[PDB]
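[1] following this: a sequence and the matching experimental structure.
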Amino acid sequence: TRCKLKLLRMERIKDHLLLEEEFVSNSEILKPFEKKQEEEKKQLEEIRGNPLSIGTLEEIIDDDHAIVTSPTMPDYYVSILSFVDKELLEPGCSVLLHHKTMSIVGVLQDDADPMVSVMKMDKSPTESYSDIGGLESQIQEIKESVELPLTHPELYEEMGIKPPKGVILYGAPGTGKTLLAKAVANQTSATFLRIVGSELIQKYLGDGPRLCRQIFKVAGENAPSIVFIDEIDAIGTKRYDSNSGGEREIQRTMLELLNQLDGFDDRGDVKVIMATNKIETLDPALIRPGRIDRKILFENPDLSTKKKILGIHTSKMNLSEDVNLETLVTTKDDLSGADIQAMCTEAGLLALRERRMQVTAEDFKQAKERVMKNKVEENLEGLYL
Amino acid sequence: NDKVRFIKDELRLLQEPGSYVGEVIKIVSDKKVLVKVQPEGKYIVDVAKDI
Ligand SMILES: Nc1ncnc2c1ncn2[C@@H]1O[C@H](COP(=O)(O)OP(=O)(O)OP(=O)(O)O)[C@@H](O)[C@H]1O
Ligand SMILES: [Mg+2]
């Protein structure tokens, strides 16, 4: 009770006293004039009138005048009045115009776009570290790269190193490249912009360099930022034939992507996470040192590491004392971590058709058979015995 | 009485200033609404006492 009481006692006197102080000060402001404060309010309305016509600021002329483009078509050499600043106006900004004689009377507007919201996420992933079934060291090379300079910049200035930029998460399918990216995306709580690499080829030609440069503009504002580029492999392997600029066009999108990634900009902190399935397909300039400092590799889980993948996934499940978890690992060899997650789901699904909550050893073996048939393995290993 | 009173002053009501139809894009907290009238630019403008 008294813990609430000391806060009550500080907060009441300081705040209510301040409230009283404002009330007296509006009045005192009034005196050298005869009513200054309550008249500034009547003036603002008067100056601006109604309506206010929106324009788009076309170019700003340095003399407290501007050329605004009403979308109705006449352009105007307007004056810049009160309740605005000229470094709050940038070319492109929307302006609020006095109807009778055009003047820039302000812009209190939000000026938000749905174009930016596409870049952004709304989020609370299900993905957290330690849903990673093993490979612990690899977590503490990624976390040393992405998450750690936000927690402490102190280590990196004390050492005198520049904090590492860029990670490439590569290996085989099912090694949880997307699963790491989201586990660290939850923890950091820095604005996590997500963009899938395939959206970077469009149906127009030349829109490429334009789209790419818009990503990094959003990313730059909301500093610090992560830009996650999921499967930047897709653009090199698949040409969709929707782009009229062809093979040429896709190559040009690459080149703007190089400057926006490092370049001459001297933008904010932008870590970049790049998932890909093959790193021998991506353009070598794209991946080159000092713009991608650290390159982590994942390879297939071990006999023990598969045990970890299984505990984390069988834990949600209702179970029997007939379930021998251990014999599902020994039977299954050279299968992904993706296969173990699909195997729990497939057992539960057979169990939902039988109309019971239990998951038996038999629904697990039944499920284990069916997921192993569907994988059609590698011809990479058909050389070898 | 409603019929004859109505036709007679209806003539002054047909000295209309006009109307327009827009649509609410978003509000603002100065009690003003951003409307886009259909073949025209947007207007930041105040509500009457009718809404
Ligand atoms: N090493 C791992 N430990 C635990 N779970 C894993 C691991 N590997 C895969 N998974 C599970 O499998 C799922 C599917 O894998 P994910 O989509 O993360 O893979 P990926 O390597 O990015 O593959 P692709 O490029 O083929 O999409 C994850 O959501 C996770 O549940
Ligand atoms: Mg993926």
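    Everything's here; your move. Numbers count the residues shown, from 1 in each chain, chains lettered A, B, ... in the order given. Ligands and ions are numbered 1, 2, ... in the order given.

[2] in chain A, where's the longest strand?
    What stands out as the longest strand in chain A, according to DSSP state E, is strand A:52-61.

[3] check which element follows it along the chain.
    Next helix or strand after strand A:52-61 toward the C-terminus (DSSP states H and E): strand A:65-69.

[4] number of nearby residues for residue 19?
    Picking chain A for this. Applying other C-beta atoms under 10 Å in any protein chain shown, we find 9 residues neighbouring residue A:19. Quick note: C-beta positions are derived from backbone N, CA and C, even for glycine.

[5] wrong one, chain B
    Around residue B:19 there are 5 residues (other C-beta under 10 Å).

[6] quickly list what the residue nearest the centre of chain A is bridged to.
    Closest residue to the average C-alpha location of chain A: residue A:193 at 1.6 Å, with C-alpha atoms, centre = their mean. On the basis of DSSP bridges, residue A:193 is bridged to residue A:227.

[7] please enumerate residues in contact with the longest strand of chain A?
    A:66-71, A:75-77, A:86, A:89-99, A:102, A:105, B:32, B:34, B:41-45 (C-beta atoms under 8 Å, 6 or more residues apart in numbering or on different chains).

[8] and the buried ones among those residues, selectable in PyMOL?
    Filtering those down to the buried ones (16 or more other C-beta atoms under 10 Å in any protein chain shown) takes a single PyMOL command:
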select buried, (chain A and resi 66+68+69+70+76+89+93+94+95+96+97+98+102+105) or (chain B and resi 32+34+41+42+43+44)
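
[9] residues contacting the nearest residue to residue A:261 once chain neighbours are set aside?
    Closest residue to residue A:261 apart from its sequence neighbours, by C-beta to C-beta, 6 or more residues apart in numbering or on different chains: residue A:291 at 5.8 Å. Contacts for residue A:291 (C-beta under 8 Å, 6+ apart) come out as A:165, A:166, A:261, A:262.

[10] endpoint to endpoint, stretch A:110-117 covers what distance?
    14 Å (C-alpha to C-alpha, to the nearest Å).

[11] that one near chain B anywhere?
    Yes: Stretch A:110-117 comes into contact with chain B (C-beta under 8 Å from any C-beta of the partner chain), by way of residue A:110.

[12] just give me the closest of the contacts of residue A:291 to chain B.
    Proximity of the contacts of residue A:291 to chain B (C-beta to the nearest C-beta) peaks at residue A:261, which lies at 34.5 Å.

[13] any idea how many residues pack against the closest one?
    Residue A:261 has 20 neighbouring residues, counting by other C-beta under 10 Å.

[14] ok, now residue A:47?
    14.
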